[PDB]
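As the structure lists them, so they are numbered: ligands from 1, and atoms in each ligand from 1. Throughout, residue positions are numbered sequentially from 1 according to the sequence presented.
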Amino acid sequence: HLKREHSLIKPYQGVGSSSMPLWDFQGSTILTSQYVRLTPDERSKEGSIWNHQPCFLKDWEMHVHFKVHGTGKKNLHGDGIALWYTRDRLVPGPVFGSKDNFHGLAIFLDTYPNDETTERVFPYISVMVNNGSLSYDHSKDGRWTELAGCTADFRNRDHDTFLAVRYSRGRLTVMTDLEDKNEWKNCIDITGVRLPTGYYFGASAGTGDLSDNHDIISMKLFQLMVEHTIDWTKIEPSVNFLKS
Ligand SMILES: OC[C@H]1O[C@H](O)[C@@H](O)[C@@H](O)[C@@H]1O
Ligand SMILES: [Ca+2]
Ligand SMILES: [Cl-]
Ligand SMILES: [Cl-]
Ligand SMILES: [Cl-]
Ligand SMILES: [Cl-]
Ligand SMILES: [Cl-]
Ligand SMILES: [Cl-]
Ligand SMILES: [Cl-]
């Protein structure tokens, strides 16, 4: 149930050949045969990669093989990666290399605590749903708009690191595989998440005074076979909340 057209898999399609590429590469992104480097380990970069077509699956699960790694000493690295399922695509900006006031879903892999009064241990993975009205407060690591999150040790690991994002029937689940255990450990599991079909998958990274290599190695999108019993492209991104 792999959907190849919404995936990035080695050998990358159209790279070193006449075949149709499936992704657009934007900003500081460096394309090599063995990784897509959203930013090099250099300051003040914004790079992204965006699926060349929109996704109309109602129920899906994206697996991302990524690598964040750099030569910054002690805590002097940043800023992280965002994964996107959004109305718009290709616009750079302050939100891990991509535009603010976005429409849809963001999954942030934040590696630098901008918030001087933070309670979190970094890196910190969180999710945000936006109808266009919200601005991600980068200076505060998105504190005001975070729906859920978990600390996650993903930098400079000696083995492969993966993230899974599952969306089906209003349930959004983010899982990690960072500890070389060939298993999905839960990070976030929330319900009442409303997203339309017809949005774009993408990934972006950003660096400022602090930097890191932010690599995407592969992205594999799976269609979930889930029963349904409305115009799904017109659903406004939103979240419904269980009452107290
Ligand atoms: O890179 C770390 C840091 O560098 C600068 O201070 C700014 O660009 C911040 O937004 C960024 O988070
Ligand atoms: Ca941050
Ligand atoms: Cl590809
Ligand atoms: Cl490089
Ligand atoms: Cl800041
Ligand atoms: Cl915020
Ligand atoms: Cl770290
Ligand atoms: Cl390690
Ligand atoms: Cl893990």
Side-chain angles (χ1 to χ4, degrees), residues 27-29 37-48 61-83 91-102 106-128 134-146 148-166 172-189 203-218 220:
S28 56
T29 298
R37 182 150 290 168
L38 301 179
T39 70
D41 195 4
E42 299 293 338
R43 293 185 309 181
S44 303
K45 303 303 179 191
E46 295 172 0
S48 64
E61 183 169 319
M62 177 70 87
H63 293 173
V64 183
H65 180 192
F66 69 92
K67 197 186 160 44
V68 180
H69 57 105
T71 57
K73 297 178 179 75
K74 299 193 152 64
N75 191 250
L76 298 187
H77 54 266
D79 274 281
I81 286 165
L83 304 171
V91 184
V95 192
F96 304 95
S98 184
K99 77 181 293 295
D100 207 355
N101 294 93
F102 58 92
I107 304 102
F108 301 133
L109 282 75
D110 190 349
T111 64
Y112 180 62
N114 293 86
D115 187 346
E116 185 66 296
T117 50
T118 189
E119 311 274 60
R120 315 294 187 189
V121 175
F122 280 72
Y124 191 77
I125 298 175
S126 63
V127 290
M128 183 180 174
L134 311 180
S135 170
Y136 173 80
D137 186 348
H138 173 71
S139 74
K140 291 295 220 159
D141 310 308
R143 183 201 277 235
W144 326 114
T145 60
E146 164 199 359
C150 79
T151 182
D153 189 359
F154 59 71
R155 283 187 74 252
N156 281 343
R157 306 302 307 266
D158 295 318
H159 49 262
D160 285 342
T161 52
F162 310 80
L163 198 76
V165 179
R166 183 188 181 270
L172 180 65
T173 313
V174 182
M175 311 98 76
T176 58
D177 173 9
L178 311 174
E179 295 300 333
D180 198 26
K181 301 200 273 208
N182 189 43
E183 64 183 38
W184 293 124
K185 170 181 162 62
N186 183 251
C187 172
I188 292 154
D189 200 0
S204 62
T207 61
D209 293 322
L210 301 171
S211 63
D212 254 336
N213 296 289
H214 297 95
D215 299 341
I216 305 301
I217 299 139
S218 66
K220 289 176 188 217

Peer 1: Heavy-atom contacts with ligand 1 below 4.0 Å: which residues, ordered by chain and residue number?
Peer 2: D79, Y112, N114, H138, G208, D209, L210
Peer 1: Among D110, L83, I107, which residue meets the side chain to side chain contact (heavy atoms under 4.5 Å, CB included) test with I125?
Peer 2: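 In the set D110, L83, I107, the residue that makes a side chain to side chain contact (heavy atoms under 4.5 Å, CB included) with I125 is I107.
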Peer 1: Over 60° means perpendicular and under 30° means parallel, so tell me whether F108 and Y136 are parallel, tilted or perpendicular.
Peer 2: tilted
Peer 1: Identify the residue among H214, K45, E46 that makes a side chain to side chain donor-acceptor pair (under 3.5 Å) with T39.
Peer 2: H214
Peer 1: Strictly below 4.0 Å, N to O, side chains only: are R155 and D212 in salt-bridge contact?
Peer 2: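 So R155 pairs with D212 through a salt bridge.
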Peer 1: Report yes or no: do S139 and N114 form a side-chain donor-acceptor pair below 3.5 Å?
Peer 2: no
Peer 1: Looking only at non-hydrogen atoms, find the nearest pair between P113 and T111 and report the distance.
Peer 2: CD-O, 4.2 Å
